[PDB]
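Visitor: Once you've had a glance at the structure underneath, I'll fire off some questions.
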Amino acid sequence: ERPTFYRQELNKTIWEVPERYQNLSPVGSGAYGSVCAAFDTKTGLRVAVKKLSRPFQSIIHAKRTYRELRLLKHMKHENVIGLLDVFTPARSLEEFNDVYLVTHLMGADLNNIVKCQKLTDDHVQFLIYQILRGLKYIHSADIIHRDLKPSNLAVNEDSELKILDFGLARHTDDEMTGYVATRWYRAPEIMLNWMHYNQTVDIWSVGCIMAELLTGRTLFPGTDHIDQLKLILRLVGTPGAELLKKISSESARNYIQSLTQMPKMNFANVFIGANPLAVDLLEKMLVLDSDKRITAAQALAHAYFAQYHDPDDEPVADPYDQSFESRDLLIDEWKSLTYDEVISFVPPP
Ligand SMILES: O=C1CCc2c(-c3ccc(F)cc3F)cc(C3CCNCC3)cc2N1c1c(Cl)cccc1Cl
């Protein structure tokens, strides 16, 4: 039941997609250069189509392509970017060499919606509520986003939000260097590789985001890794004995201990004028020891979200098999696994 595809030049490249998708138009430069907005005449939805080009140029890239497709095919939640469609114009494994991923078009990220601006409390409640609802879902499948920030939070004009780019974070040292937003939302244990981190790193990121929505200012705009750690410890206090032991990196632990001790600050005096419940929640998300941070599920039941919380409408995910991550395969093997996933795709109802 192969649909009919048509060709078209976009961003100096040839896009070949099923007829149902019309009015393709590039959305931007940079990482936005492989994405086009379109109208899906079959569903009547405005969609976004990302073309993965030469997804099998290397072992590493072939595995990345498989990883992204597996992740996107697994997500079926209102606050998480998922797949409306995935296709290839190829008629056989032999010819298979391009992957196209179709999802909802939100049209903007949280920055474009808040950069340098303080939001009303109700608006912050709604936005953080959705981030946590989708994060609850993501974590329930044992998936860690690990690189949550405003630029990876897609929002439409009705302020509805979908989390994207989860479990794909593979930044370069250079990209994390200096005065850059790419590192401002990262939990300290991951920024400085203190220990084997887990999903709790994502809660730290939500706290950073929430504070920014409330004040209109970056919470920890470090000029570098060290300056940022300093900004963090000034607010949340230097590690206690118990946490120091959990820092398996003897190198990191040793540096940490060289710092003059500091007590956690009073958040009510940092976030002056903010809803006391929002302040309480920030204190529970921005805890240095990741073991003690509130979880997405717990945060959803926090009073700050009374107006939105509904325990019967905050679903969890089916289990996500990521055994492939520890597997070393050849390019063709990773390519063949990707092909099976493409052809076995079942459209959402
Ligand atoms: O609305 C969406 C959802 C689809 C999407 C994707 C996307 C993810 C998975 C998929 F299968 C298809 C997609 F189109 C990627 C990015 C970029 C933003 C973050 N950096 C990487 C790419 C932006 C967007 N956008 C988007 C678009 Cl298309 C334009 C402006 C802002 C945003 Cl957030």
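Ligands are numbered from 1 in the order shown, chains are lettered A, B, ... in the order of the structure tokens, and residues start at 1 in each chain.
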Name the residues, by chain letter and number, that sit within 6 Å of ligand 1 using only C-alpha atoms and all ligand atoms, and give them as a list in words.

Guide: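 Counting only what the definition allows, namely only C-alpha atoms and all ligand atoms, the set is residues 27, 31, 32, 35, 37, 48, 49, 50, 101, 102, 103, 104, 105, 106, 107, 108, 109, 151, 152, 154 and 164 of chain A.
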
Visitor: Do you know which residues are at most 12 Å from segment 244-252 of chain A counting only C-alpha atoms, after dropping those on the same chain fewer than 3 positions away, and could you put them as a list in words?

Guide: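 Near neighbours after the sequence-gap exclusion: residues 188, 189, 190, 191, 192, 193, 194, 195, 196, 197, 226, 229, 238, 239, 240, 241, 255, 256, 257, 258, 259, 288, 289, 290 and 291 of chain A.
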
Visitor: Leaving out segment 316-323 of chain A and any residue of its chain fewer than 4 positions from it, which residues lie within 10 Å of it when counting only C-alpha atoms, given as an MDAnalysis selection string?

Guide: chainID A and resid 67 70:71 74:77 133:143 297 327

Visitor: Can you list, as a PyMOL selection string, every residue of segment 178-347 of chain A that DSSP puts in helix (DSSP H, G or I)?

Guide: chain A and resi 181-184+188-191+200-215+225-236+241-246+250-257+267-270+276-285+290-292+296-300+303-305+323-326+331-343

Visitor: What's the separation between atom CA of residue 93 of chain A and atom CA of residue 339 of chain A, in Å to one decimal place?

Guide: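 If I compute the distance from atom CA of residue 93 of chain A to atom CA of residue 339 of chain A, I get 6.7 Å.
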
Visitor: Leaving out segment 7-23 of chain A and any residue of its chain fewer than 3 positions from it, which residues lie within 6 Å of it when counting only C-alpha atoms, given as a PyMOL selection string?

Guide: chain A and resi 3-4+38-42

Visitor: To one decimal in Å, tell me the separation between atom CA of residue 269 of chain A and atom CA of residue 237 of chain A.

Guide: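 For atom CA of residue 269 of chain A relative to atom CA of residue 237 of chain A, the distance reads 14.9 Å.
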
Visitor: Using only C-alpha atoms, which residues sit within 10 Å of residue 218 of chain A once same-chain residues fewer than 3 positions away are excluded, as a list in words?

Guide: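 Those residues are residues 115, 116, 181, 184, 185, 208, 209, 210, 211, 212, 213, 215, 221 and 222 of chain A.
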
Visitor: How would the residues just picked look written out with C-alpha atoms as a short mmCIF file (atom, residue, chain, number, x, y, z; two decimals), in the first residue's frame?

Guide:
data_model
loop_
_atom_site.label_atom_id
_atom_site.label_comp_id
_atom_site.auth_asym_id
_atom_site.auth_seq_id
_atom_site.Cartn_x
_atom_site.Cartn_y
_atom_site.Cartn_z
CA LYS A 115 12.92 35.01 26.63
CA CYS A 116 13.66 38.01 28.92
CA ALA A 181 22.27 28.13 27.25
CA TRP A 184 22.65 26.41 32.03
CA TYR A 185 19.89 23.89 32.63
CA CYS A 208 15.81 25.89 36.32
CA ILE A 209 13.16 26.39 33.71
CA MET A 210 10.41 27.18 36.24
CA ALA A 211 12.53 29.78 37.99
CA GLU A 212 13.21 31.44 34.61
CA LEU A 213 9.49 31.53 33.76
CA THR A 215 11.56 35.78 37.00
CA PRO A 221 23.84 31.72 33.64
CA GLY A 222 27.41 30.56 34.29
#

Visitor: Taking only C-alpha atoms into account, which of A:223, A:119, A:304, A:110 comes nearest residue 275 of chain A?

Guide: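 Smallest separation from residue 275 of chain A among the options: A:304.
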
Visitor: Counting only C-alpha atoms, what is within 6 Å of residue 204 of chain A, bar same-chain residues fewer than 5 positions away, as a PDB file with N, CA, C and O atoms, in the first residue's frame?

Guide:
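part_14.pdb written:
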ATOM      1  N   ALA A 187      21.993  19.525  35.398  1.00  0.00           N
ATOM      2  CA  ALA A 187      22.210  19.217  36.814  1.00  0.00           C
ATOM      3  C   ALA A 187      23.713  19.175  37.047  1.00  0.00           C
ATOM      4  O   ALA A 187      24.468  18.695  36.198  1.00  0.00           O
ATOM      5  N   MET A 285      12.692  20.819  43.911  1.00  0.00           N
ATOM      6  CA  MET A 285      13.319  20.383  42.666  1.00  0.00           C
ATOM      7  C   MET A 285      14.814  20.723  42.679  1.00  0.00           C
ATOM      8  O   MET A 285      15.639  19.924  42.245  1.00  0.00           O
ATOM      9  N   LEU A 286      15.163  21.899  43.192  1.00  0.00           N
ATOM     10  CA  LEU A 286      16.550  22.344  43.201  1.00  0.00           C
ATOM     11  C   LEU A 286      17.381  21.881  44.403  1.00  0.00           C
ATOM     12  O   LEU A 286      18.043  22.675  45.079  1.00  0.00           O
TER      13      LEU A 286
END
